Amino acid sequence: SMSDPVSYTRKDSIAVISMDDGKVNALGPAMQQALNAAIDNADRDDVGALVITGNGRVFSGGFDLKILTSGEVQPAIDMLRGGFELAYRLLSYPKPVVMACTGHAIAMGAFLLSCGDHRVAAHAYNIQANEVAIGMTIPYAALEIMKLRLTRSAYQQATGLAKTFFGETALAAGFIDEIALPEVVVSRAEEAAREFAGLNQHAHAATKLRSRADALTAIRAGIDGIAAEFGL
């Protein structure tokens, strides 16, 4: 529900964090707080791997449009910063993170999805940075998140042309790693997480950092300079 938008469930060697705000899983302050608290739970439980899911309608429609279009600049910037901080937290997470993309993933929803080690979606789910289409220049933090995953040509189209990807085109582009039928997206993600929990955790954590260090530093710059994009 809107006031209780995240659930946390431990299943043996994994933890499953599910977003369902009863709508489109907007990544506002309350959702970010709930997600950070759920990841805190995973930290305390020292789980072997993390699964993050959306609901039956979407993975996430991205940042909360209401806060963005409210005329109040500061809450908007804090929300953006918190969202990209969460992305940074997941990208640098010391356990394997598997995303269960259970519906469309748009804008920050797509950026968030792109922070999983392994991403599972169904063929019919749209993944898109629609920012340019609706009149927003893509923040550097979001650009660097996408740049880490998208092929060179997909990165060009996804950004400048707000291109929509799905299924085989998303897989080819690097917006997802695996396609499954809608009814087994979550199950496949859990199965994958259980497998990755069998990897050596220390080598995994060290290796993923080595494979991402440059992007993490650029994302950090994008987070810290976010206000400056808007002249604040």
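Here the rigid core means the biggest group of C-alpha atoms that line up within 1.5 Å when the two forms are laid on top of each other. Sequential numbering from 1, following the sequence displayed.
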| item | value |
| --- | --- |
| Positional deviation of Cα atoms in 4 other deposited structures of this protein after core superposition, greater for 89-97 or 70-78 | 70-78 |
| Farther-lying stretch by C-alpha RMS in 4 other deposited structures of this protein (rigid core fit) among 61-69, 193-201 | 61-69 |
| Higher-scoring stretch by recorded Cα B factor average, 220-228 or 17-25 | 220-228 |
| Comparing 61-69 with 184-192, the one whose average Cα B-factor in the PDB entry is higher | 61-69 |
| Selection from 164, 169, 53, 200 [criterion: highest C-alpha temperature factor in the record] | 169 |
| Modelled-residue ranking by C-alpha temperature factor, third containing residue 117 | lowest |
| Cα B factor band for residue 208 (lowest, middle or highest third within the chain) | middle |
| Position of residue 152 among the chain's modelled residues by C-alpha B-factor, lowest, middle or highest third | lowest |
| Third of chain Cα B-factors occupied by residue 127 | lowest |
| Chain thirds of CA B-factor: placement of residue 75 | highest |
